[PDB]
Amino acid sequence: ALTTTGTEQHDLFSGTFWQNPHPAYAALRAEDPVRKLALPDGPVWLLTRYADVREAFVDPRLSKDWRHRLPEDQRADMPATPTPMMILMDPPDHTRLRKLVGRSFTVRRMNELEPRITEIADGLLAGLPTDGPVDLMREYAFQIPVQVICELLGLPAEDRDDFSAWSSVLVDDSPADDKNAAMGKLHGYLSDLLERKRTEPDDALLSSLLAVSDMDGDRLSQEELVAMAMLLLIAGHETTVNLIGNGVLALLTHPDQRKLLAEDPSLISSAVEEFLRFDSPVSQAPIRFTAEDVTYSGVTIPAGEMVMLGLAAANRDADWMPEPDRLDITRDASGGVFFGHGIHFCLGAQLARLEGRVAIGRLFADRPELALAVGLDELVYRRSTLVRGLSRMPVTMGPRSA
């Protein structure tokens, strides 16, 4: 397996890394900040220093076009993406699609969801038992964002078990064959769903976008439309859930910070920025491809290579954040690469922040005796190069606040 070089040897993307990657990240930052990882599916580079990561995000030599892996001899015949999602594109197609969908994630729009998000969270909390076993992931942290995304897009509730399964395979260490099958089922499901929406539209996002596409197919093609729906669905299942989980765990493991939040519940939005920094839910940005040689921290990555920007790593870089290993919900947050940076900056950043503060804020308000029901060392994490996420979180809710 892989380990960090230098003065300290820590497992990388195997072994102890899944439980707690943060020591490994620190050893990478200190001693190997531009690291080639000889992973099973092929080598991937990893940048972990904050200044390198932040600038890389605006370096066009680090492209989303996967054809850069190929010699020029082979790029001509090949599609620009495996699925035409904007996160897998460079400008101009990225610019067009982002501008288009960005129109539905305007500042007033997401906030007008607060009342419903709160009702969803409050309903979930009222349904949780006082001391029987609760997996806080499946029963709360997962449920809030999935319900919100289903309502925002107009996804049938009856189909949730099917598409939640396809979604999870795409984001973890599942075999390439399995991922290809999952994407196929999701593409088919959403294609069929859009066909049905044409005949009976609703007021939710997928109908609105289908209408745009119907009116002007050069602004949004049918295939782009399905790929957008797929991207938004998967983001709705696999991101915010781990802000909730990781943030809850941070409070559970830091009584001092939990006490500060209990004493000033209004710290919750500052607290959310701090959870995003301290245990970033998107651990490595999805892959970029070197379109030419690039040099970071004295290390040249050749053209044609795959590159992850290490967000969890960079957000604990002491060169950027003093005492980066300290959880401090009172920090006046600024910078931070947990939502990315530049043209692909998280489309859902406002929505995730709102979901996060509602879910975590209301949970601790409703159940101020919440506690883990296992030791910290018994917690199981997902194996993924994309997400830092608990597989389950055994808790005891304790009594509802009076």
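All residue numbers refer to positions in the sequence shown, first residue = 1.
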Mean Cα B-factor check, 50-58 vs 364-372, entry values; winner is 364-372
On mean C-alpha B-factor from the PDB entry, just flag whether 132-140 or 233-241 is the higher one.
132-140
Just to confirm, going by the entry's C-alpha B-factors, which of 274, 305, 214, 317 comes out highest?
214
Could you tell me which one of 26, 39, 352, 347 shows the highest CA temperature factor in the PDB record?
39
Where does residue 83 sit by CA temperature factor within its chain: lowest, middle or highest third?
middle
Quick check for you: using the entry's CA B-factors within this chain, is residue 283 in the lowest, middle or highest third?
lowest
Residue 377 - which third its CA temperature factor falls in, relative to the rest of the chain:
highest
Which third, lowest, middle or highest, does the C-alpha temperature factor of residue 255 belong to within its own chain?
middle
Relative to the other modelled residues of the same chain, rank the CA B-factor of residue 310 and answer lowest, middle or highest third.
lowest
